[PDB]
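The data below hold one chain only, encoded as structure tokens and taken in the form deposited in one PDB entry.
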């Protein structure tokens, strides 16, 4: 029995306009899943690296989003991040104090012969076409946050865990503490103006 797990990390930088906000309110921003070029940043393998189309293996794919619960403005003030709508994402390891963990398994126990690289190494790339739900977050502003324009960089991880296995019923989940330290190549640039 063998198991091959590869994590393909997406990395886009986009902006969201929060507009004028008063420090009492909890402004909203929408994180979108964007299909594109993904880069391997993690893997764990003990099986064959390559399938030639002539023999079967089993697929489990799981989408990941690892998102900060806290971000600092460039002028040194703390913003706290809350979930408003996680859609169909599975919000897990909720007791972690630094990061949210969202998972979405969209393929499991799928027998395939397809020719493929079953253990791509870090730095290798591929096109991800899969599309997943928006995740909507809120922001708590500190009461003494200086007035003016903010452009807050919020790094986070998103990508797909590909799990190839030798047998039917293979389940694997990248450990949270490992997922916790993965490169956060996505950036949400949250824009708003703090008024009164």
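Positions refer to the first chain, counted from 1. We call the rigid core whatever largest set of C-alpha positions still superposes within 1.5 Å between the two forms.
Relative to its counterpart among 94-102 and 67-75, 94-102 has the higher mean temperature factor, C-alpha atoms as listed in the PDB entry.
Between 147-155 and 129-137, it is 129-137 that carries the larger average Cα temperature factor according to the deposited entry. In the deposited entry, the Cα temperature factor of residue 1 sits in the top third of values across the chain's modelled residues. In the deposited entry, the Cα temperature factor of residue 30 places it in the lowest third of its chain's modelled residues. Residue-level temperature factors show residue 40 in the lowest third of its chain, judged at the C-alpha atom. Annotation for residue 177: C-alpha temperature factor in the highest third relative to the rest of the modelled chain, per the entry. Split the chain's modelled residues into thirds by C-alpha temperature factor. Residue 164 is in the lowest one.
Only in words, not in the display: the form deposited in another entry, which the text now covers.
Of the residues 146, 35, 47, 169, just one CA atom moves 2 angstroms or more between this form and the one not shown under rigid-core superposition; it belongs to 146. Core-superposed comparison between this form and the one not shown: the Cα of residue 181 travels less than 2 Å. After superposition on the rigid core, displacement of the C-alpha of residue 11 between this form and the one not shown stays below 2 Å.
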